[PDB]
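Peer 1: Sequence, then structure. It's an experimental one.
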Amino acid sequence: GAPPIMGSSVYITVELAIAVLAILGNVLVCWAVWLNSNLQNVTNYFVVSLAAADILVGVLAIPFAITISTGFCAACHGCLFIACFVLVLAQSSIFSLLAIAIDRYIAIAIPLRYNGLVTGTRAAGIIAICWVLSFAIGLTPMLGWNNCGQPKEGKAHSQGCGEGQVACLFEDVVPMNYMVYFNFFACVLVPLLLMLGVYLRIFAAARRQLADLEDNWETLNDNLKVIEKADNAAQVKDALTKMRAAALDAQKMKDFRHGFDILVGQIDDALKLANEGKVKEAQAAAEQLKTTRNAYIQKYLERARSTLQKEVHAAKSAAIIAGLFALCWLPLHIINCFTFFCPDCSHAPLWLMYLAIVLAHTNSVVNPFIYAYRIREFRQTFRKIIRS
Ligand SMILES: CC(C)CCC[C@@H](C)[C@H]1CC[C@H]2[C@@H]3CC=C4C[C@@H](O)CC[C@]4(C)[C@H]3CC[C@]12C
Ligand SMILES: CC(C)CCC[C@@H](C)[C@H]1CC[C@H]2[C@@H]3CC=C4C[C@@H](O)CC[C@]4(C)[C@H]3CC[C@]12C
Ligand SMILES: CC(C)CCC[C@@H](C)[C@H]1CC[C@H]2[C@@H]3CC=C4C[C@@H](O)CC[C@]4(C)[C@H]3CC[C@]12C
Ligand SMILES: CCCCCCCC/C=C/CCCCCCCC(=O)OCC(O)CO
Ligand SMILES: CCCCCCCC/C=C\CCCCCCCC(=O)OCC(O)CO
Ligand SMILES: Cc1cc(-c2nnc(N)nc2-c2ccc(F)cc2)cc(Cl)n1
Ligand SMILES: CCCCCCCC/C=C\CCCCCCCC(=O)O
Ligand SMILES: CCCCCCCC/C=C\CCCCCCCC(=O)O
Ligand code: NA
């Protein structure tokens, strides 16, 4: 049995390196949002809340984790707090991630009423509520759901602990049924699955709207060919009526409105000629629609397409951060499931526990890099902060 301080040294050194990185990177995130007005929106307010949680991981949770690794003597409820505080930060992260997903869904599903529904004031209140709920959920063991009533007295005595004191170890004070059923299944897995559902609805909404834009564009060009090859005024009329409906459907801001004002008007002119039985005159009038199409309508099509592709890209960036949270925290939770559900299985080795802990902590480092590589406004703001 090699000296415990050696393996501890590696684990502690790595934890400290992660702490420094988690603090520096996320302070940079908060600083960027503070300085740049272009980054000051509801979505990034939840980003800041998420960054704040990761800063507290470096400042508090990792020092707590280092202290716990020693198994030092402590009052059981004191040990409980140290042990549970990371649950608060993880829970807060989950709420922030869920809020970001919902915010992006609202932005893509109902953009016309997004600004009136999703404000900074309401977002601030939501963030406040979610932090309170995170403390409630994370510190639930301090409300009585703990193992302090049945301390490991043999372990405490061997370490020379005083009366009322226990060897401070996570699994000795935090019940595994809490960790598996309440924390993991209810408070982590269900919100993550809800998140997945939201992002599925986001991407499906994007795909449908991009399809609708193309269908309108196709309806516009197809009916133009119909009018040109028509032989009677009735055929011209039917094609124009479908165009007028498609034009108004695509219409649903000054150069934009004027472009469609021309289009609908030109359709009405051709429609009037069509209802008079003047086929040739109707077709010639309908030919003018191509000029409006190339000068105005096509420009609106590409810009609308460009805006949706940007929303898709932004939603993907947010989903990546959500996925990374899951990837980093799932090993710890899975290990707890094995410990809990399979008492006939040997406990996961200490080195693997340390690795799972380090991995969870690394998640507090990765987000600033995702923002830098995927979000131009962040990356450019980061450069300005660092250079100056
Ligand atoms: C505002 C921020 C910076 C304050 C941080 C306060 C932290 C460091 C304090 C608050 C409560 C404290 C714990 C309260 C009770 C005990 C029981 C004792 O037997 C060992 C120490 C221990 C486990 C303390 C460790 C440090 C602790 C977690
Ligand atoms: C989320 C992604 C990365 C998947 C994570 C899978 C990891 C967490 C899984 C895969 C295989 C698993 C191990 C398979 C077998 C055992 C032996 C048992 O006596 C204790 C648990 C232990 C040691 C498991 C711990 C968790 C484990 C390491
Ligand atoms: C987010 C997605 C991946 C769902 C999470 C899957 C989790 C809940 C699954 C994946 C693998 C599962 C484990 C696989 C094998 C065993 C060994 C058995 O003796 C007891 C149950 C136990 C320990 C399972 C518990 C639940 C488990 C950890
Ligand atoms: C916009 C900024 C957001 C900032 C807003 C953040 C507010 C966080 C404070 C929570 C205190 C309430 C937590 C309640 C959970 C109770 C469990 C508990 O405290 O028990 C410990 C104990 O004394 C057993 O001895
Ligand atoms: C600028 C940011 C603000 C600063 C944020 C604060 C940083 C907290 C640091 C360490 C927490 C570790 C505390 C635990 C130390 C306990 C060891 C101990 O108590 O040992 C006595 C004992 O009874 C065993 O015998
Ligand atoms: C101080 C500490 C303890 C644990 C820990 N140590 N042992 C066991 N069995 N589970 C957990 C743990 C697992 C999932 C979770 F969300 C929080 C803590 C994990 C982290 Cl990141 N920090
Ligand atoms: C920016 C402020 C951050 C605060 C710095 C914290 C750094 C210290 C890290 C870990 C302290 C661990 C204390 C070890 C517990 C005592 C071991 C024992 O009693 O056997
Ligand atoms: C750990 C379980 C937590 C228990 C939750 C029950 C208490 C919180 C319930 C609802 C929080 C809703 C916050 C609403 C604030 C009012 C906003 C307003 O006045 O406009
Ligand atoms: Na986090």
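Peer 2: Thanks, I have it. Numbers count the residues shown, from 1 in each chain. Ligands and ions are numbered 1, 2, ... in the order given.

Peer 1: Give me the nearest residue to the residue of the stretch 1-150 of the chain found nearest ligand 3, chain neighbours excluded.
Peer 2: Closest residue of the stretch 1-150 of the chain to ligand 3, CB to the nearest ligand atom: residue 94 (13.1 Å). (Each C-beta comes from the backbone N, C-alpha and C, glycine too.) Residue nearest to residue 94 in three dimensions, not counting chain neighbours: residue 191, with 5.1 Å by CB to CB, 6 or more residues apart in numbering.

Peer 1: now do residue 184
Peer 2: residue 333 (4.6 Å).

Peer 1: thinking the one you found is in contact with residue 187, fair?
Peer 2: No: between residue 333 and residue 187 there is no contact, the gap being 10.7 Å when judged by CB atoms under 8 Å.

Peer 1: and the residue in the stretch 201-350 of the chain positioned nearest to ligand 8, what does it touch?
Peer 2: Closest approach between the stretch 201-350 of the chain and ligand 8, counting by CB to the nearest ligand atom: residue 333, at 18.6 Å. The contact partners of residue 333, by CB atoms under 8 Å, 6 or more residues apart in numbering, come to 179-180, 184, 188-189.

Peer 1: Quick one, which of these are buried?
Peer 2: Neighbour counting by 16 or more other CB atoms under 10 Å classes 179-180, 184, 188 among the contacts of residue 333 as buried.

Peer 1: From those residues, pick the one nearest residue 99.
Peer 2: Checking those against residue 99 by CB to CB gives residue 188 as the nearest, at 15.6 Å.

Peer 1: Is it correct that the closest one is in contact with residue 94?
Peer 2: Yes: contact criterion CB under 8 Å: residue 188 and residue 94 qualify, at 6.4 Å.

Peer 1: now stretch 158-177, how far from the chain's geometric center?
Peer 2: Between the centre of stretch 158-177 and the centre of its chain there are 37 Å (CA atoms, centre = their mean, to the nearest Å).

Peer 1: check contacts around the residue of the stretch 1-150 of the chain closest to ligand 3.
Peer 2: Shown in contact with residue 94 (CB under 8 Å, 6+ apart): 187-188, 191-192, 325.

Peer 1: Kindly provide the distance from it to residue 153.
Peer 2: Between residue 94 and residue 153 the distance is 36 Å, computed by CB to CB, to the nearest Å.

Peer 1: Next: residue 136.
Peer 2: From residue 136 over to residue 153 the distance is 31 Å, taken as CB to CB.

Peer 1: With residue 101 instead?
Peer 2: Plainly put, residue 101 is 47 Å away from residue 153 if you go by CB to CB.

Peer 1: what's the answer for residue 116, then?
Peer 2: Taken as CB to CB, the span from residue 116 to residue 153 is 61 Å.

Peer 1: Need the residue closest to the centroid of this protein.
Peer 2: Centroid-nearest residue in the chain: residue 318, 3.9 Å away (criterion: CA atoms, centre = their mean).

Peer 1: wait, isn't that one in contact with residue 102?
Peer 2: No: the pair residue 318 and residue 102 fails to qualify as a contact (CB under 8 Å) at a distance of 10.6 Å.

Peer 1: And the helices in the stretch 51-200 of the chain?
Peer 2: Residue ranges of the helices in the stretch 51-200 of the chain, as given by DSSP state H, counting those that start in this stretch, are 62-69, 76-109, 114-117, 120-138, 153-158, 170-173, 176-177, 190-228.

Peer 1: Take those helices and write them to CSV, including distance to ligand 4.
Peer 2: Below are these laid out as CSV (distance: least, CB to the nearest ligand atom, whole Å):
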stretch, distance to ligand 4
helix 62-69, 15
helix 76-109, 5
helix 114-117, 20
helix 120-138, 3
helix 153-158, 20
helix 170-173, 13
helix 176-177, 19
helix 190-228, 19
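
Peer 1: For the stretch 1-150 of the chain, which residues are neighbours of ligand 8?
Peer 2: With CB under 6 Å from any ligand atom as the criterion, the stretch 1-150 of the chain comes near ligand 8 at residues 129, 133, 136-137, 140.

Peer 1: ok, residue 7 - how many residues close by?
Peer 2: By other CB atoms under 10 Å, 14 other residues sit near residue 7.

Peer 1: what's the spacing between it and residue 50?
Peer 2: Computed as CB to CB, the residue 7 to residue 50 distance reads 32 Å.

Peer 1: Smallest distance to ligand 3 belongs to which residue of the stretch 51-200 of the chain?
Peer 2: Relative to ligand 3, the nearest point of the stretch 51-200 of the chain is residue 189 (6.1 Å; CB to the nearest ligand atom).

Peer 1: contacting residues around that residue?
Peer 2: Each residue near residue 189 by CB under 8 Å, 6+ apart is listed here: residue 333.

Peer 1: Residue 354 contacts residue 13, correct?
Peer 2: No: contact criterion CB under 8 Å: residue 354 and residue 13 do not qualify, at 11.7 Å.
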